[PDB]
Ligand code: CLA
Ligand code: CLA
Ligand code: CLA
Ligand code: CLA
Ligand code: CLA
Ligand code: CLA
Ligand SMILES: CC1=CCCC(C)(C)[C@H]1/C=C/C(C)=C/C=C/C(C)=C/C=C/C=C(C)/C=C/C=C(C)/C=C/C1=C(C)CCCC1(C)C
Ligand SMILES: CC1=CCCC(C)(C)[C@H]1/C=C/C(C)=C/C=C/C(C)=C/C=C/C=C(C)/C=C/C=C(C)/C=C/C1=C(C)CCCC1(C)C
Ligand code: SF4
Ligand code: SF4
Ligand code: SF4
């Protein structure tokens, strides 16, 4: 699977989760940012590696970071 | 599900990508699962013994196929007229016209004519018969077996070297300088003095008589008295017929300089004295480092103490010792940069100063050897920068390298890269502009208007070495000079004869075309360096991707965000610079070959007038010399240049097929493949057969590599077919 | 059959006047391959004066089309229901444009 | 002479270049009548060819064995009109363009919207700047020394490495 | 003259094309009156 | 990544002072600066003499003048050592 | 909670873009939603289908195929009633989306953060530091 | 010229080299 990380520079804008086509990311409560929430990745096995979450990230360096790793049928986007 | 046993991430991939990536990552032992440093160095050691053996099997094969199928004994009788045979052809696809067309070489069977020069090398070093070529092939088969057993043996538990052994820098340097470089150069002098020198003079010396046949009539008594100049007395006469006793001297060590007048090669006594000198020098250099007896240098102490007190290099080389030793990629990069410069020296000094008898009249061999070693040079130099990029990504620790030369190179990475960008642009704009100026003015019927700039600096260098063509009267060219007087009693008479005579490639005449092409090569070397240096320096990060190090050396991209990140990896700057390497070695070998074929006709002025504009390069080199090559077969028959005629088209095909992988990218191909997966599953009588691995399109990095390999292979096969067939078909 | 068509002459500037080659008919110019000479002979022009009148007719049409584009965007722009008349447009482009085009050209 | 070259005025190969270049045009002129426009054009081309070769012969250029002028660019003052002096003219114009553009980008930074000044150029101000370039070596060296050309290394964005 | 038409003529492509046409035009005129200048004459 | 070995007796030679410590001279660490400066001038004169006397090289050069000609580059390292020893108070 | 296998499906005239043998041998995805109307939507795998008024059931080969229909149904027809399931060939039905009844874009209690790194991205360890040791590059 | 027996000696030594190559490749592969 791919490995998806969220760094503590996340402002909790929820945009990376909305971008996610594969329900990899979700919002959890976090007191670090003003929004009271940070992104989380409890479903990186469904991560295809599209990196749409990275594009939606408005932080200077993407708080969400996809690291392409081992490929599976799910992470390869194979309908066969 | 278990082929990449070194990679569980690939061994669980259900696609065809697993096979490709397991094949492509097989030799990257550092990335293998559960890899310790002990096991890494011990597998590299054993696989270095396997490379040693492959080289020896390759050389034994060349010797065996020439001993068996070649015409070596016919060639040594008459080396200027007989064409050397590489090996025979047994091809069941041949027609009888093809069988007849390849039956040259004075034999009764189809053959390939050797362009490798191994006949001239084996002739020069002593080999006379097929029995000793075969004996050499046998000895190399034994040595290949010895190094295969050594590779297996040093994988056994008691014979496994420790990491303390693998990083003993001082003992390895002492032994490689004094034993591997120096003593084997001294032993090579012994081979020349004991075998090659007597057999160049008609007297056979083999293992059967070499302890009862003295190389010198006096014989090891002048050496043990200090009367060393008695070994230079009575050199080979200018009437010497190589291989025979007539005109032969008794000297075994000389500094005559220039060339043997018949073979047009360097004197073998000069070569024997060269390896004796360079041997003693390297042996002395191999006593530099402290190993076990308290004399010598510690490499750590030398590197730590070389920080200039002005502070301009920062901490200097503090910590460079550890970085080099711990980083196999830093060592590979130093080794490959060093080796690439040498095989460029090999290419440049072997055409201008040939050592082998009757080569430099084998124009095909000279062209093939120069082209071969320059392409090897470009590959080694690009790989050196590649492994410097891999060093920065994988082995470079900034905390261990604080304010070093390495940190301070990264600190000004933008000054280095932007000034390489400037010099590349500078040279490119002007060199192309002068070339286009020349093309436009010649096209408009006004060749005089051409901007022709004489290569005065290089001509001054030629004159400084004794060329009298330009009338500089500098150093050796001036008869009454300190430099000229000093070498007059030793090497200058021969050198002046060699340099001034126009029958050799030593300091070939240079004019405006030479200037323009040298500037083109400067643009190419600077631009390949720009791409490679930009890749190495930005390997660990950039404004576009600050954490690039975390992704590795070879990754596809960071996605379409931040504007687009295609070809952002350091591997992708290797990939892009590989085209620039091919382009520069193209410019170098096109220049070398065109200048030499024009000189070899006796028509050097045709290069002098046509090389200053690009249509001269197109019509007078590529189009004019294509005609023997592309007529290797036609509707009127075929000749022995048909194979190069087929290879030339084969290179054009591979090269163009590479464009498919480089222009068309993955999403198109994955959508084709999904329709093929649908079609196979829906076709009756065919859906009984199922793939074990799901067919996927090639990866982004893999297709860049596949297109690069196809481009490169097409480049090599096209030019090899051209440089060999045009020179063979023309013979001049 | 002997003179080569040429309708482009270069200025002598940087030696480029070599491009005014000897195309024939006491003339130097760039040989043209667009087949206009054969079109004009097929039209029956047989005079350079009539080619000047055709150049003026093209110039007048060019002015009328650039005026019509300005007029039909800025002064009188048709509504969408005008453009969505495919039957009317096809009737006029078959009958009027192509049909009277062929009829007038045949005439 | 220099580098074994011959002055173009006494080299026979330059003279045969001129003679062949004039013969090519004279055989093109041999197919036209005297007053016709192609003949007049061809004769002016012959006159230009003769003027070019006549000027090059008396210029101190050095010809090769091929009869074409060669440029000596090692720095010698007897040949400074081929690279050193044209190069000084270039560097003056190039530094002019560079100083003028640099002055305009520094002006445009102090604008209400800096990026409109670079796609819609303030032409009176930019023409004031194009007039500034005639004394760029002094203007730029005083700019350099007064700490206004070079910004310090800690005011420049760099990659983490 | 209209200020918006002058602001249009101050746009980057118009000034670029006019300035490089003026530049090209005096290179052409200088090579017309004084052709074949391979060297600075001295 | 693993301990990198160095020969026994390897000591620290990184310096940021005016001169390196005399330990960078190895076996010449205890030699006085006057002794290096005099050895340096002596080596420069005898090396230059021995070099000069065999500049037209013959097939019979004097081996002592060849060996003595090696004192000229050796004199360079000697005066660098002289500078290091004077700036260490030796 | 569990997938009612009897839910009627949208009216699709079939397509070649649907699922292949890996759906019946590895995994299949299902998406259900309630529609207020008998309305035409676009299939992720091809042409157009008609979702029925009431509850609809779909069988797709990918979770992205399911979530693509989910976005089309939420942005054009305003259905927020979509549940995405992964059905194993064994017959096990795995509920996927939204995983805890609340959309991922909305915070929910009892969600534990996975993948969260306590420092910013420039404080990642260099690869040389993590070489020949199992220690992770995220500090 | 090379005898058939000489070629057979070369083939014997290359077979010994093949066996040692197999043994090294298996050892490197583990
Ligand atoms: C019989 C009438 C008629 C004619 C001749 C045309 C002709 C044309 N229409 Mg059409 N059009 C018509 C009716 C007509 N339209 C109607 C009724 C509608 C409404 C439904 C449209 C809607 C329409 C649209 C929406 C578009 C056109 C376009 C075009 C042009 C196509 C490009 C081309 O080949 O031009 C080259 C051929 C020529 C002959 C150029 C001549 C130009 C004039 C206008 C032709 C007629 C001149 C005059 C009638 C001749 C008098 C003869 C006299 C000397 C005796 C062409 C000028 C397209 C276009 O390019 O827009 C400009 C376009 O987008 N038309
Ligand atoms: C005298 C002692 C000695 C000698 C001879 C060698 C020899 C060798 N060692 Mg070394 N080694 C030694 C002691 C020694 N070792 C010690 C003491 C240690 C421990 C501290 C090591 C530790 C060590 C390691 C860790 C490794 C080696 C390796 C090697 C091999 C290098 C690969 C090769 O083919 O290069 C051959 C190089 C040359 C022949 C010289 C290069 C010539 C230059 C490049 C240009 C000259 C061009 C010239 C004209 C040639 C023309 C040829 C002709 C066609 C014209 C080589 C056989 C490596 C290897 O492959 O393992 C088997 C390796 O990994 N050694
Ligand atoms: C003929 C083929 C060709 C040419 C000319 C270039 C040219 C260049 N390459 Mg490219 N390249 C090519 C093929 C080519 N490449 C291929 C096949 C590859 C493999 C992918 C690469 C990969 C590559 C990389 C990876 C890099 C380059 C770089 C460079 C530059 C190196 C020379 C330089 O710095 O200044 C020479 C400049 C020129 C030759 C430009 C010509 C000047 C123009 C034509 C002026 C003309 C003006 C005219 C009026 C325009 C009319 C337009 C009209 C519409 C009005 C230059 C832009 C390097 C670079 O950018 O370094 C700074 C670099 O990093 N190239
Ligand atoms: C930075 C650009 C550059 C580069 C990489 C090279 C590279 C090379 N040159 Mg070229 N050369 C250059 C600029 C350059 N040259 C210029 C501007 C001139 C004057 C026209 C020459 C004239 C020249 C000759 C005559 C010869 C070479 C040769 C060579 C080769 C050997 C090394 C040498 O002589 O360097 C030459 C290095 C320099 C001249 C210094 C370059 C550094 C500066 C920055 C260049 C810019 C200077 C500036 C534009 C002019 C000064 C102003 C002046 C008008 C007052 C090598 C291919 C030789 C060769 O192999 O030809 C076969 C040779 O004989 N060069
Ligand atoms: C980039 C666009 C382009 C350009 C520059 C040219 C340039 C040229 N064309 Mg070509 N042409 C093009 C596109 C283009 N063509 C296309 C797309 C078509 C298909 C309709 C044609 C069909 C075509 C024909 C049939 C002829 C030319 C001719 C010519 C030459 C003379 C120009 C002229 O006055 O034509 C004048 C055209 C004529 C005198 C004959 C016109 C006959 C056609 C059938 C009229 C149809 C008009 C009608 C409005 C088309 C509607 C499209 C239809 C499908 C509804 C010149 C080389 C002529 C040539 O090569 O002579 C040497 C010629 O006979 N062109
Ligand atoms: C006049 C403005 C200007 C100035 C002062 C500079 C200054 C510089 N540039 Mg250049 N550059 C410019 C515009 C300018 N740039 C533009 C518009 C482009 C896009 C084509 C580039 C592209 C560029 C590259 C690709 C490189 C440089 C490099 C450099 C540096 C080396 C100097 C050099 O050789 O220039 C070289 C100049 C060029 C290659 C392009 C010249 C572009 C034209 C001629 C200038 C534009 C004129 C401008 C429109 C003036 C309008 C002002 C007016 C309204 C008053 C230096 C920092 C090099 C570097 O980093 O080395 C250290 C380098 O590699 N620049
Ligand atoms: C890339 C590669 C992979 C893995 C790593 C690696 C090991 C380091 C590397 C090395 C690869 C290497 C080094 C590969 C080496 C491959 C080699 C050396 C292959 C040699 C084959 C020789 C044969 C089959 C001859 C057989 C002769 C016969 C049967 C004659 C028999 C007989 C005749 C007639 C006469 C005598 C009697 C009999 C006995 C009857
Ligand atoms: C990218 C990268 C990242 C970090 C790690 C890394 C691998 C190290 C690195 C790679 C770096 C690489 C790939 C570096 C490549 C470096 C190279 C190719 C350096 C070439 C050096 C050649 C020199 C200094 C020639 C000197 C000749 C001289 C002095 C001749 C003198 C003369 C003599 C004697 C005779 C003639 C007269 C004259 C002219 C006087
Ligand atoms: S987008 Fe970047 S910032 Fe906005 S939530 Fe996802 S991670 Fe945090
Ligand atoms: S990569 Fe595509 S899938 Fe993986 S998390 Fe970012 S968005 Fe969701
Ligand atoms: S195009 Fe291919 S490479 Fe370029 S960004 Fe999108 S994916 Fe990465």
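One-based numbering along the chain as shown.
Recorded method is electron microscopy, 3.0 Å.
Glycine is no exception: its Cβ is also placed from the backbone N, Cα and C atoms.
Database features (Swiss-Prot):
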DOMAIN    A:1-30  domain '4Fe-4S ferredoxin-type 1'
BINDING   A:10, A:13, A:16, A:57  [4Fe-4S] cluster 1 binding site
BINDING   A:20, A:47, A:50, A:53  [4Fe-4S] cluster 2 binding site
DOMAIN    A:38-67  domain '4Fe-4S ferredoxin-type 2'
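Structural mapping of features recorded in Swiss-Prot.
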residue : record                          : contacts (Cβ under 8 Å, 6+ apart)
A:10    : [4Fe-4S] cluster 1 binding site : A:30, A:32, A:33, A:38, A:39, A:59, A:63, A:64
A:13    : [4Fe-4S] cluster 1 binding site : A:35, A:58
A:16    : [4Fe-4S] cluster 1 binding site : A:25, A:39, A:53, A:54, A:56, A:57, A:63, A:64
A:20    : [4Fe-4S] cluster 2 binding site : A:52, A:53
A:47    : [4Fe-4S] cluster 2 binding site : A:1, A:2, A:4, A:22, A:24, A:41, A:66, A:75
A:50    : [4Fe-4S] cluster 2 binding site : A:21, A:22
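Cβ neighbour density within 10 Å is lowest for A:57 among the binding-site residues A:53, A:57. For chain G, the nearby binding-site residues by a Cβ gap under 8 A, listed in sequence order, are A:20, drawn from A:16, A:20, A:47. Screening the binding-site residues A:10, A:13, A:16, A:47, A:50, A:57 for a C-beta under 6 A from any atom of ligand 9 leaves A:10, A:13, A:16, A:57. The Cβ centroid of A:10, A:13, A:16, A:57 marks the [4Fe-4S] cluster 1 site; residues of that chain outside this set whose Cβ lies within 8 Å of it are A:6, A:11, A:12, A:14, A:15, A:39, A:53, A:56, A:58, A:59, A:62, A:63, A:64, given in sequence order. Compute the center of the Cβ atoms of A:20, A:47, A:50, A:53, which mark the site for [4Fe-4S] cluster 2; besides them, the chain residues with Cβ within 8 Å of that center are A:4, A:16, A:19, A:21, A:22, A:24, A:25, A:48, A:49, A:51, A:52, A:66. Sorting each residue of the domain '4Fe-4S ferredoxin-type 1' (A:1-30) by its DSSP state yields 5 helix, 9 strand, 16 coil.
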